[PDB]
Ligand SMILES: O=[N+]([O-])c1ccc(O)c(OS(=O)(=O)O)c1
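A lone chain, given as structure tokens: the form deposited without this ligand.
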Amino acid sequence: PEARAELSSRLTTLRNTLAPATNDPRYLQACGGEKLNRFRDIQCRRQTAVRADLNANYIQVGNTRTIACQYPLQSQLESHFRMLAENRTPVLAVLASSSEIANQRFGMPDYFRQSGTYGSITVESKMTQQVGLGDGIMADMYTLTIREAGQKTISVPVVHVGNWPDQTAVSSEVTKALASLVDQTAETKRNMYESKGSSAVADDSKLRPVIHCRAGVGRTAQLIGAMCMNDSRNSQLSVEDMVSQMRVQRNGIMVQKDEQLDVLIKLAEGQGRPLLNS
């Protein structure tokens, strides 16, 4: 009760500090009258921005490097597939469910289960299997081939959690299962780039897991937090440090709901990881 409440106070204060002012120099602004942020108040830390036209950030919490982003707006699809291609994406985790995707009010393009042409990019996907994660939650696996004029064809593994519960929170147990599936798909594809001699492997802003739910601050932060607690080398980090690093690297809302922070506390607890600093 006590330490959790204190953890919330420090994170609320940080959040308030990070709040976006009008045309805030810390946050990426829409250059050119195109809509950049899907939600007016979930903005992109400029400094860690991957591209000027996407609301997406490079995050690194300890040893864990990922890209967290919002679900791309229809107009952002070509830049979004360019980000996935240049990054040589070892795994793309989509945490928005099929019910969310299919509800047109939300305007979330089904870009990875269909084949399409986006400016100069042609993509096609193939479903290869479903993997159970626990409690009936299933990850549907797809191969996304991105082809571009004059450029190489890049294949991106997609882990889609098709039936992520729209109502309840996902347990820490299913979250750890999903973090582990995401690391193993990433490890495998990374070793394929390595055996083919891609320069990609030497460049630390490449081969990063790309993770997004709808806005890229709730579920996204739950999974990234779990992937960090999973890598041994992150031993020294408290929950206070991890959420803090995510917030100053994307925006103040990373780990948006209490239900998401409780999953991070449960996992921490199971490791003897500290919640707070001191």
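Numbers follow the displayed sequence, beginning with 1. Residues that one form lacks are left out of the comparison. By rigid core we mean the largest C-alpha set that fits within 1.5 Å across both forms.
There is also a form deposited with this ligand bound; it is not shown, and the following applies to it.
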- Query: For this chain shown on its own, do 80, 115 and 210 all sit within 4.5 Å of this ligand in the bound PDB entry, going by heavy atoms?
  - Reply: no
- Please run the contact check for residue 214 against this ligand in the bound PDB entry: heavy atoms, 4.5 angstroms, yes or no? yes
- Message: With the partner left out here, check for me: in the bound PDB entry, does some heavy atom of residue 166 sit within 4.5 Å of this ligand?
- Response: yes
- Answer for residue 243 alone: is it within 4.5 Å of this ligand in the bound PDB entry, judged on heavy atom distances? no
- Residue contact check: residue 28 to this ligand in the bound PDB entry, 4.5 Å heavy atom: no
- Message: Partner absent here, but in the bound PDB entry, which of 215-223, 29-37, 52-60, 231-239 has residues with a heavy atom within 4.5 Å of this ligand?
- Response: 215-223
- Note on the structure: Contacts from 237-256 to this ligand in the bound PDB entry (any heavy atom within 4.5 Å), listed N to C, are 253, 256
- Message: To test your reading of the superposition: with the rigid core aligned, which of 103, 168, 74, 115 moves its Cα by 2 angstroms or more between the shown form and the other one?
- Response: 168
- In sequence order, what are the runs of at least 3 consecutive residues whose C-alphas shift by 2 Å or more between the shown form and the other one once the core is aligned? 165-169
